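Visitor: Contents of query-v7.tsv (TSV, C-alpha atoms and all ligand atoms) are given next:
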chain	number	residue	atom	x	y	z
A	1	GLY	CA	26.42	62.67	66.39
A	2	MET	CA	23.93	63.47	63.63
A	3	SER	CA	21.56	60.95	65.24
A	4	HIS	CA	22.03	61.92	68.92
A	5	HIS	CA	18.69	62.81	70.52
A	6	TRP	CA	19.77	63.17	74.14
A	7	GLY	CA	19.02	66.33	76.06
A	8	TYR	CA	17.85	67.52	79.47
A	9	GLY	CA	14.12	67.08	79.02
A	10	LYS	CA	11.82	64.63	80.80
A	11	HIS	CA	12.00	62.19	77.90
A	12	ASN	CA	15.66	62.45	76.86
A	13	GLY	CA	17.36	63.62	80.06
A	14	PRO	CA	20.14	62.14	82.25
A	15	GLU	CA	18.03	59.15	83.37
A	16	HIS	CA	17.72	58.11	79.71
A	17	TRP	CA	21.31	58.49	78.55
A	18	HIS	CA	22.42	54.99	79.48
A	19	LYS	CA	20.31	53.45	76.70
A	20	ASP	CA	22.43	55.02	73.96
A	21	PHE	CA	25.55	55.51	76.11
A	22	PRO	CA	25.92	52.51	78.46
A	23	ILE	CA	29.07	54.02	79.96
A	24	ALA	CA	26.62	56.29	81.81
A	25	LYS	CA	26.58	53.61	84.52
A	26	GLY	CA	30.38	53.24	84.39
A	27	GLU	CA	33.05	53.19	87.08
A	28	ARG	CA	34.29	56.79	86.90
A	29	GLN	CA	31.34	58.97	85.90
A	30	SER	CA	30.96	62.70	86.56
A	31	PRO	CA	29.84	64.89	88.16
A	32	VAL	CA	30.01	63.75	91.79
A	33	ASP	CA	29.20	65.20	95.18
A	34	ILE	CA	32.31	66.48	96.91
A	35	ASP	CA	32.14	65.48	100.56
A	36	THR	CA	34.62	67.96	102.06
A	37	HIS	CA	35.09	65.96	105.23
A	38	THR	CA	35.95	62.78	103.30
A	39	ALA	CA	38.28	64.35	100.72
A	40	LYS	CA	41.87	63.85	101.84
A	41	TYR	CA	44.60	66.47	101.72
A	42	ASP	CA	47.42	65.27	99.46
A	43	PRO	CA	50.66	67.18	100.27
A	44	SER	CA	52.28	65.67	97.17
A	45	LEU	CA	49.85	67.56	94.91
A	46	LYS	CA	51.73	70.38	93.18
A	47	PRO	CA	50.33	73.89	92.82
A	48	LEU	CA	48.14	74.29	89.77
A	49	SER	CA	49.69	76.20	86.87
A	50	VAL	CA	47.24	78.21	84.79
A	51	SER	CA	48.96	80.04	81.94
A	52	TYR	CA	46.31	81.91	79.95
A	53	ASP	CA	48.31	85.03	79.03
A	54	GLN	CA	48.56	84.07	75.34
A	55	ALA	CA	45.02	82.68	75.03
A	56	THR	CA	43.37	83.24	71.65
A	57	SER	CA	39.58	83.01	71.72
A	58	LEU	CA	37.92	82.70	68.34
A	59	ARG	CA	34.20	82.09	68.45
A	60	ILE	CA	31.20	81.50	70.69
A	61	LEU	CA	28.69	78.80	69.73
A	62	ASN	CA	25.25	77.74	70.94
A	63	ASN	CA	25.41	73.97	70.38
A	64	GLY	CA	21.91	73.12	71.61
A	65	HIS	CA	23.15	71.96	75.05
A	66	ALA	CA	25.17	74.99	76.25
A	67	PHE	CA	27.33	77.68	74.62
A	68	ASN	CA	31.05	77.19	74.03
A	69	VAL	CA	33.68	79.90	73.78
A	70	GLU	CA	36.33	78.24	71.58
A	71	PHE	CA	40.08	78.90	71.47
A	72	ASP	CA	42.93	78.34	69.04
A	73	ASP	CA	44.57	75.18	70.38
A	74	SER	CA	46.94	74.55	67.46
A	75	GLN	CA	49.86	75.77	69.64
A	76	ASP	CA	50.64	75.97	73.37
A	77	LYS	CA	48.98	79.35	73.96
A	78	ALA	CA	46.73	78.74	76.96
A	79	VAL	CA	47.69	75.74	79.05
A	80	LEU	CA	47.03	74.05	82.35
A	81	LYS	CA	49.84	72.14	84.09
A	82	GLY	CA	50.81	71.01	87.56
A	83	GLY	CA	48.35	69.98	90.21
A	84	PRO	CA	47.65	66.23	89.71
A	85	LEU	CA	48.67	66.52	86.07
A	86	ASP	CA	51.77	65.37	84.27
A	87	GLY	CA	52.34	67.00	80.93
A	88	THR	CA	50.74	69.98	79.22
A	89	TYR	CA	47.02	70.39	78.64
A	90	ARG	CA	45.76	72.96	76.10
A	91	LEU	CA	42.58	74.99	76.55
A	92	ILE	CA	40.18	74.22	73.72
A	93	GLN	CA	36.91	75.67	75.00
A	94	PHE	CA	34.90	76.68	78.03
A	95	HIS	CA	31.16	76.57	78.74
A	96	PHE	CA	28.75	76.62	81.64
A	97	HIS	CA	25.88	74.55	83.08
A	98	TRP	CA	23.22	76.54	84.94
A	99	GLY	CA	19.76	76.25	86.42
A	100	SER	CA	16.28	77.72	86.12
A	101	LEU	CA	16.65	78.96	89.71
A	102	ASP	CA	19.67	80.30	91.65
A	103	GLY	CA	19.47	77.30	94.01
A	104	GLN	CA	20.49	74.80	91.34
A	105	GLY	CA	22.58	74.59	88.21
A	106	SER	CA	26.00	73.21	89.11
A	107	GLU	CA	26.96	69.66	88.19
A	108	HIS	CA	29.34	69.00	91.05
A	109	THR	CA	27.96	69.69	94.51
A	110	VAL	CA	29.85	70.39	97.75
A	111	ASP	CA	28.45	68.54	100.74
A	112	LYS	CA	25.28	68.23	98.63
A	113	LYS	CA	25.13	72.00	98.09
A	114	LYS	CA	24.19	73.06	94.56
A	115	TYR	CA	25.53	76.31	93.10
A	116	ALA	CA	23.75	78.53	90.56
A	117	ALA	CA	26.04	77.43	87.74
A	118	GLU	CA	29.38	75.84	86.99
A	119	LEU	CA	32.08	76.89	84.54
A	120	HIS	CA	34.08	74.20	82.75
A	121	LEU	CA	37.42	75.13	81.15
A	122	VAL	CA	38.24	72.14	78.95
A	123	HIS	CA	41.87	71.19	78.20
A	124	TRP	CA	43.39	68.22	76.35
A	125	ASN	CA	46.71	66.41	76.89
A	126	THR	CA	49.09	67.48	74.12
A	127	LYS	CA	50.87	64.11	74.11
A	128	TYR	CA	47.84	62.78	72.22
A	129	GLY	CA	48.11	65.24	69.32
A	130	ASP	CA	44.48	66.30	69.02
A	131	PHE	CA	41.30	66.50	71.07
A	132	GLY	CA	39.65	63.64	69.22
A	133	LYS	CA	42.48	61.28	70.19
A	134	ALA	CA	42.64	62.65	73.73
A	135	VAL	CA	39.02	61.84	74.64
A	136	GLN	CA	39.82	58.17	73.98
A	137	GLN	CA	42.49	58.15	76.73
A	138	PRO	CA	42.03	57.83	80.52
A	139	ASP	CA	44.22	60.91	81.05
A	140	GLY	CA	43.27	62.71	77.86
A	141	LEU	CA	41.43	65.68	79.33
A	142	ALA	CA	41.69	68.03	82.29
A	143	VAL	CA	38.59	70.09	83.04
A	144	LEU	CA	38.90	72.98	85.48
A	145	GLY	CA	35.54	73.47	87.16
A	146	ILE	CA	34.54	76.71	88.87
A	147	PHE	CA	31.32	77.26	90.81
A	148	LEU	CA	29.22	80.38	90.28
A	149	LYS	CA	27.07	81.86	93.03
A	150	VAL	CA	24.73	84.83	92.61
A	151	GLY	CA	25.81	88.05	94.30
A	152	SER	CA	28.07	90.75	92.90
A	153	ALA	CA	28.69	90.90	89.15
A	154	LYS	CA	31.77	89.31	87.59
A	155	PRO	CA	33.22	92.05	85.34
A	156	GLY	CA	35.21	89.57	83.28
A	157	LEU	CA	32.04	87.70	82.36
A	158	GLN	CA	30.11	90.63	80.92
A	159	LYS	CA	31.56	90.35	77.40
A	160	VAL	CA	30.16	86.82	77.31
A	161	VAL	CA	26.77	87.95	78.62
A	162	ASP	CA	26.48	90.73	76.04
A	163	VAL	CA	27.06	88.50	73.01
A	164	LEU	CA	24.42	85.91	73.92
A	165	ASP	CA	21.76	87.88	72.03
A	166	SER	CA	23.51	86.93	68.80
A	167	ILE	CA	23.58	83.16	69.48
A	168	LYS	CA	20.13	82.67	70.99
A	169	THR	CA	19.33	79.43	69.20
A	170	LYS	CA	20.98	76.09	68.44
A	171	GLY	CA	23.60	76.22	65.70
A	172	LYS	CA	24.22	79.95	65.88
A	173	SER	CA	27.76	81.23	66.35
A	174	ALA	CA	29.49	84.61	66.54
A	175	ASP	CA	33.06	85.87	66.28
A	176	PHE	CA	34.43	86.14	69.81
A	177	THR	CA	38.04	87.19	69.69
A	178	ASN	CA	40.31	88.67	72.33
A	179	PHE	CA	38.36	87.35	75.30
A	180	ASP	CA	40.58	86.85	78.37
A	181	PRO	CA	39.59	83.76	80.36
A	182	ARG	CA	41.70	84.93	83.31
A	183	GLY	CA	38.82	87.24	84.13
A	184	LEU	CA	36.69	84.24	85.11
A	185	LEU	CA	39.01	82.88	87.80
A	186	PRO	CA	38.57	83.24	91.58
A	187	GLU	CA	41.45	84.54	93.73
A	188	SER	CA	42.48	81.17	95.16
A	189	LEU	CA	43.48	78.13	93.14
A	190	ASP	CA	42.86	75.65	95.99
A	191	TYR	CA	41.13	72.60	94.49
A	192	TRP	CA	39.73	69.09	94.79
A	193	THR	CA	40.66	66.49	92.16
A	194	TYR	CA	39.40	63.07	91.07
A	195	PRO	CA	39.32	60.89	87.93
A	196	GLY	CA	36.05	61.19	86.05
A	197	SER	CA	34.25	61.65	82.75
A	198	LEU	CA	32.64	64.05	80.33
A	199	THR	CA	29.33	65.06	81.94
A	200	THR	CA	27.34	64.87	78.69
A	201	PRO	CA	27.15	62.11	76.08
A	202	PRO	CA	29.41	60.42	74.97
A	203	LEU	CA	30.25	60.45	78.73
A	204	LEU	CA	33.78	59.22	77.97
A	205	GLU	CA	35.90	58.46	81.03
A	206	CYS	CA	38.83	60.57	79.92
A	207	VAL	CA	38.85	63.44	82.42
A	208	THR	CA	41.00	64.44	85.35
A	209	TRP	CA	38.65	66.79	87.18
A	210	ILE	CA	40.08	69.79	89.01
A	211	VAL	CA	37.34	71.67	90.87
A	212	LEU	CA	38.21	74.96	92.55
A	213	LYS	CA	37.13	75.44	96.14
A	214	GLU	CA	36.45	79.18	95.77
A	215	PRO	CA	33.41	80.05	93.66
A	216	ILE	CA	33.17	83.27	91.68
A	217	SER	CA	30.17	85.58	92.10
A	218	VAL	CA	28.01	86.71	89.18
A	219	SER	CA	25.02	89.03	89.29
A	220	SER	CA	21.40	88.01	89.01
A	221	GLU	CA	21.22	89.95	85.73
A	222	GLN	CA	24.19	88.04	84.33
A	223	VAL	CA	22.78	84.57	85.05
A	224	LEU	CA	19.31	85.75	83.99
A	225	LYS	CA	20.69	86.32	80.48
A	226	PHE	CA	22.03	82.76	80.37
A	227	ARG	CA	18.45	81.62	80.99
A	228	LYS	CA	17.19	83.46	77.92
A	229	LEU	CA	19.14	81.23	75.55
A	230	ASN	CA	17.30	78.49	73.63
A	231	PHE	CA	17.89	74.72	73.33
A	232	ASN	CA	15.92	74.81	70.08
A	233	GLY	CA	16.99	76.07	66.70
A	234	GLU	CA	15.54	79.21	65.13
A	235	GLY	CA	12.01	78.86	63.80
A	236	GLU	CA	11.18	76.07	66.25
A	237	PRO	CA	9.09	76.21	69.45
A	238	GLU	CA	11.04	78.03	72.14
A	239	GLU	CA	12.49	75.88	74.90
A	240	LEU	CA	14.56	77.95	77.32
A	241	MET	CA	18.09	76.67	77.84
A	242	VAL	CA	17.99	76.10	81.60
A	243	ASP	CA	18.88	73.21	83.90
A	244	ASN	CA	21.40	71.77	81.44
A	245	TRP	CA	23.21	69.97	84.25
A	246	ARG	CA	23.74	66.31	85.03
A	247	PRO	CA	23.11	65.32	88.67
A	248	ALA	CA	25.78	63.82	90.92
A	249	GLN	CA	26.77	60.23	90.06
A	250	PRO	CA	27.99	57.38	92.34
A	251	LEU	CA	31.59	57.92	93.51
A	252	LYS	CA	32.17	54.16	93.56
A	253	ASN	CA	35.85	53.22	93.86
A	254	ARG	CA	37.32	56.72	93.86
A	255	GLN	CA	38.87	59.09	96.39
A	256	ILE	CA	38.68	62.85	96.01
A	257	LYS	CA	41.96	64.55	96.90
A	258	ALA	CA	42.29	68.11	98.18
A	259	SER	CA	45.19	70.44	97.47
A	260	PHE	CA	44.62	72.23	100.78
A	261	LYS	CA	44.21	71.44	104.48
B	301	LIG	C1	32.70	67.13	71.03
B	301	LIG	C2	32.59	66.28	72.29
B	301	LIG	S1	33.67	64.80	72.22
B	301	LIG	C3	34.61	64.97	70.73
B	301	LIG	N1	34.98	66.13	70.25
B	301	LIG	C4	35.72	66.17	69.10
B	301	LIG	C5	36.04	67.54	68.64
B	301	LIG	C6	37.36	67.97	68.53
B	301	LIG	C7	37.66	69.29	68.20
B	301	LIG	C8	36.63	70.18	67.98
B	301	LIG	CL1	36.99	71.83	67.59
B	301	LIG	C9	35.31	69.78	68.09
B	301	LIG	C10	35.03	68.46	68.41
B	301	LIG	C11	36.09	65.04	68.43
B	301	LIG	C12	36.90	65.21	67.28
B	301	LIG	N2	37.56	65.34	66.34
B	301	LIG	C13	35.69	63.76	68.95
B	301	LIG	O1	35.98	62.67	68.44
B	301	LIG	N3	34.94	63.81	70.10
B	301	LIG	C14	32.97	67.08	73.54
B	301	LIG	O2	34.02	67.68	73.62
B	301	LIG	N4	32.04	67.07	74.51
B	301	LIG	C15	32.19	67.40	75.87
B	301	LIG	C16	33.22	68.20	76.37
B	301	LIG	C17	33.25	68.53	77.71
B	301	LIG	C18	32.27	68.06	78.56
B	301	LIG	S2	32.30	68.52	80.26
B	301	LIG	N5	30.84	69.00	80.71
B	301	LIG	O3	32.60	67.31	80.96
B	301	LIG	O4	33.23	69.59	80.43
B	301	LIG	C19	31.25	67.27	78.08
B	301	LIG	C20	31.21	66.93	76.74
B	302	ZN	ZN	30.58	70.92	81.15
Represent the structure of the file as C-alpha cells.
Guide:
Amino acid sequence: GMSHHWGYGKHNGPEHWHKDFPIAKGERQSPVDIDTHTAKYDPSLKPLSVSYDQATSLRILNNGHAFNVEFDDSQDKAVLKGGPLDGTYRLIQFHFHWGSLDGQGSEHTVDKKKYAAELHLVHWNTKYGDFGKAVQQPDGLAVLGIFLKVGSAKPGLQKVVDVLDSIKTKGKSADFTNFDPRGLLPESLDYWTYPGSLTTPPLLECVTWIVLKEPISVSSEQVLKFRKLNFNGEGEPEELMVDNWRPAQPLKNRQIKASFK
C-alpha cells in the first residue's frame, strides 16, 4: 500500500475510492443502514461467545486513518465464536471511527441514526492460518461493531484516551500492554448480523458483521481527545483526524438478521 492515496478528504474520500478499488461498488459493501423494522429475528442464531479473558494487547498505532490497538494473535487468546459464526475467530486489533461533531461519526446507522463513533473489534477465522489469507475469503473476518454515544464516561476506555498524546501523528506507535478489551463492551450482547466488507480500502468482501444493539456511553472529554489526533505525519501541516467514517452503502441483495425479538 506504499502508493495508496485514499483518505477522507474532499479529493480522496469515499466517493473517490472506486477508482483505485472498484469493489467499492460491489455486492456486499459496508457499512449499511440497519433498518430495525426490516431486520428479521433469526431464532437459529446462537448466543455470541466473546472470550477475552486471556487477551494480550501489545501496541497502539496511529496509521493515518485511525488508531489501532493490536493484540497477540499467534494463539487462541482472545476469540469470538457463536452467533452466526462457525469456527474460531481471533482478535487481532480494534479501532474506532468518529466524527467532528457528536451527531455523526459511526459507519453503520440505525434507522438512519448516526452515533458519535463506532468501535470495531477485528477478528480473523483461524482455519485460514493468518490474517492475510483470511481477508481473501468470504468468511475470513468477523468484526464486532459497537456504537458510542456521548454521555457518561466509559472507565474502560480511559487508558486508551490517555495514551493518544504519544501517537498524535501518522506512523507513531506506543507500547500498550495489559489493556482489557472487555471494558469496552455494553451489558447486552444482542446483535444484528449481515455479510459485508472492510469499510476502508481495500474494501475486501470478507467480513461477517456483528453489530451490537446496545451502544456504550463515553464522555465528551473522551471523544474530544480522539478529535485531537492527526491524519498527517509529524512535521507536516496539521489535519485533525475527524470524520474518518464511510457512509452507508446500498444493502442490495442482503438481509440483516437480528439475534433478538
Ligand atoms: C491491513 C488491512 S488488509 C491486510 N492486512 C494484512 C495484515 C496482517 C497482519 C498485520 Cl499485523 C497487519 C496487516 C495483510 C497481511 N499480511 C494483508 O494482506 N491485508 C486491514 O486489516 N484493513 C482493515 C481492517 C478492518 C477494517 S473495518 N473498518 O472494516 O473494521 C477496514 C480495513
Ligand atoms: Zn473500522
Visitor: Starting from the point (17.1, 74.9, 84.1), work out which residues of protein, DNA or RNA have an atom no more than 6 Å away when counting all atoms listed in the file; state them as a ChimeraX atom specification.
Guide: /A:99-100,242-244
Visitor: Leaving out residue 149 of chain A and any residue of its chain fewer than 3 positions from it, which residues lie within 6 Å of it when counting only C-alpha atoms, given as JSON, numbers by chain?
Guide: {"A": [115, 116, 217]}
Visitor: From the list A:186, A:7, A:171, A:156, which residue is nearest residue 68 of chain A when using only C-alpha atoms?
Guide: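 Going through A:186, A:7, A:171, A:156 one by one, the smallest distance to residue 68 of chain A is for A:171.
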Visitor: Considering all atoms listed in the file, state which residue in the set A:38, A:51, A:106, A:178 is at the smallest distance from ligand LIG 301 (chain B).
Guide: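 That would be A:106, the residue with the smallest distance to ligand LIG 301 (chain B).
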Visitor: Contacts of segment 197-214 of chain A at 7 Å or less, counting all atoms listed in the file, minus same-chain residues fewer than 4 places along, as number ranges by chain?
Guide: A: 21, 23-24, 28-31, 135-146, 186, 188-193, 246
Visitor: Would you mind writing segment 168-203 of chain A with N, CA and C atoms, as an mmCIF file, keeping the file's coordinate frame?
Guide:
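Okay, selection23.cif is ready:
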data_model
loop_
_atom_site.group_PDB
_atom_site.id
_atom_site.type_symbol
_atom_site.label_atom_id
_atom_site.label_comp_id
_atom_site.auth_asym_id
_atom_site.auth_seq_id
_atom_site.Cartn_x
_atom_site.Cartn_y
_atom_site.Cartn_z
ATOM 1 N N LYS A 168 21.267 83.125 70.200
ATOM 2 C CA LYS A 168 20.130 82.670 70.990
ATOM 3 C C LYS A 168 19.713 81.231 70.788
ATOM 4 N N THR A 169 19.778 80.766 69.544
ATOM 5 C CA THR A 169 19.330 79.430 69.200
ATOM 6 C C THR A 169 20.422 78.468 68.734
ATOM 7 N N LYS A 170 20.093 77.185 68.821
ATOM 8 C CA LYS A 170 20.980 76.090 68.440
ATOM 9 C C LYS A 170 21.583 76.251 67.048
ATOM 10 N N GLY A 171 22.906 76.119 66.975
ATOM 11 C CA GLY A 171 23.600 76.220 65.700
ATOM 12 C C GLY A 171 24.132 77.598 65.370
ATOM 13 N N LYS A 172 23.733 78.601 66.138
ATOM 14 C CA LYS A 172 24.220 79.950 65.880
ATOM 15 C C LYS A 172 25.575 80.186 66.520
ATOM 16 N N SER A 173 26.438 80.914 65.820
ATOM 17 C CA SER A 173 27.760 81.230 66.350
ATOM 18 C C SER A 173 28.098 82.682 66.031
ATOM 19 N N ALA A 174 29.070 83.229 66.751
ATOM 20 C CA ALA A 174 29.490 84.610 66.540
ATOM 21 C C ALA A 174 30.982 84.759 66.805
ATOM 22 N N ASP A 175 31.636 85.644 66.060
ATOM 23 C CA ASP A 175 33.060 85.870 66.280
ATOM 24 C C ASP A 175 33.201 86.282 67.740
ATOM 25 N N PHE A 176 34.239 85.792 68.404
ATOM 26 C CA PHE A 176 34.430 86.140 69.810
ATOM 27 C C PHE A 176 35.911 86.134 70.100
ATOM 28 N N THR A 177 36.610 87.096 69.509
ATOM 29 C CA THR A 177 38.040 87.190 69.690
ATOM 30 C C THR A 177 38.456 88.077 70.849
ATOM 31 N N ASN A 178 39.698 87.882 71.271
ATOM 32 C CA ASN A 178 40.310 88.670 72.330
ATOM 33 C C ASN A 178 39.626 88.607 73.681
ATOM 34 N N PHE A 179 38.985 87.484 73.987
ATOM 35 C CA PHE A 179 38.360 87.350 75.300
ATOM 36 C C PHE A 179 39.409 86.740 76.223
ATOM 37 N N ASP A 180 39.578 87.320 77.407
ATOM 38 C CA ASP A 180 40.580 86.850 78.370
ATOM 39 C C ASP A 180 39.953 85.968 79.432
ATOM 40 N N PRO A 181 40.191 84.650 79.358
ATOM 41 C CA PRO A 181 39.590 83.760 80.360
ATOM 42 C C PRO A 181 40.087 83.955 81.787
ATOM 43 N N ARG A 182 41.177 84.694 81.958
ATOM 44 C CA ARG A 182 41.700 84.930 83.310
ATOM 45 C C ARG A 182 40.695 85.727 84.135
ATOM 46 N N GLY A 183 39.809 86.439 83.447
ATOM 47 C CA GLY A 183 38.820 87.240 84.130
ATOM 48 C C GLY A 183 37.694 86.431 84.744
ATOM 49 N N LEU A 184 37.730 85.111 84.559
ATOM 50 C CA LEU A 184 36.690 84.240 85.110
ATOM 51 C C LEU A 184 37.177 83.438 86.310
ATOM 52 N N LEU A 185 38.436 83.635 86.692
ATOM 53 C CA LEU A 185 39.010 82.880 87.800
ATOM 54 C C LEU A 185 38.854 83.527 89.172
ATOM 55 N N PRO A 186 38.710 82.705 90.226
ATOM 56 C CA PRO A 186 38.570 83.240 91.580
ATOM 57 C C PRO A 186 39.991 83.607 92.040
ATOM 58 N N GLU A 187 40.127 84.171 93.238
ATOM 59 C CA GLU A 187 41.450 84.540 93.730
ATOM 60 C C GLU A 187 42.323 83.335 94.039
ATOM 61 N N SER A 188 41.750 82.375 94.757
ATOM 62 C CA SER A 188 42.480 81.170 95.160
ATOM 63 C C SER A 188 42.395 80.049 94.141
ATOM 64 N N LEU A 189 43.471 79.276 94.036
ATOM 65 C CA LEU A 189 43.480 78.130 93.140
ATOM 66 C C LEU A 189 43.419 76.808 93.924
ATOM 67 N N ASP A 190 42.999 76.866 95.189
ATOM 68 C CA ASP A 190 42.860 75.650 95.990
ATOM 69 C C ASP A 190 41.832 74.785 95.249
ATOM 70 N N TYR A 191 42.036 73.472 95.238
ATOM 71 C CA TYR A 191 41.130 72.600 94.490
ATOM 72 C C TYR A 191 40.977 71.190 95.041
ATOM 73 N N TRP A 192 39.981 70.492 94.494
ATOM 74 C CA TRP A 192 39.730 69.090 94.790
ATOM 75 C C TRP A 192 39.981 68.423 93.428
ATOM 76 N N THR A 193 40.440 67.181 93.430
ATOM 77 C CA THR A 193 40.660 66.490 92.160
ATOM 78 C C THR A 193 40.303 65.014 92.232
ATOM 79 N N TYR A 194 39.763 64.476 91.136
ATOM 80 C CA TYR A 194 39.400 63.070 91.070
ATOM 81 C C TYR A 194 39.283 62.658 89.604
ATOM 82 N N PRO A 195 39.429 61.357 89.315
ATOM 83 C CA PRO A 195 39.320 60.890 87.930
ATOM 84 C C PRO A 195 37.848 60.723 87.569
ATOM 85 N N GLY A 196 37.443 61.286 86.431
ATOM 86 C CA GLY A 196 36.050 61.190 86.050
ATOM 87 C C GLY A 196 35.778 61.125 84.563
ATOM 88 N N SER A 197 34.665 61.719 84.152
ATOM 89 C CA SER A 197 34.250 61.650 82.750
ATOM 90 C C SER A 197 33.663 62.941 82.225
ATOM 91 N N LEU A 198 33.340 62.929 80.935
ATOM 92 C CA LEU A 198 32.640 64.050 80.330
ATOM 93 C C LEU A 198 31.275 63.966 81.018
ATOM 94 N N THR A 199 30.638 65.101 81.289
ATOM 95 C CA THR A 199 29.330 65.060 81.940
ATOM 96 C C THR A 199 28.148 65.042 80.980
ATOM 97 N N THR A 200 28.416 65.002 79.672
ATOM 98 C CA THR A 200 27.340 64.870 78.690
ATOM 99 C C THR A 200 27.758 63.759 77.733
ATOM 100 N N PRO A 201 26.793 63.168 77.021
ATOM 101 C CA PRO A 201 27.150 62.110 76.080
ATOM 102 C C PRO A 201 28.262 62.685 75.205
ATOM 103 N N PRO A 202 29.225 61.859 74.766
ATOM 104 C CA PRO A 202 29.410 60.420 74.970
ATOM 105 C C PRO A 202 29.851 59.929 76.358
ATOM 106 N N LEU A 203 29.895 60.824 77.348
ATOM 107 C CA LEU A 203 30.250 60.450 78.730
ATOM 108 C C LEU A 203 31.556 59.673 78.869
#
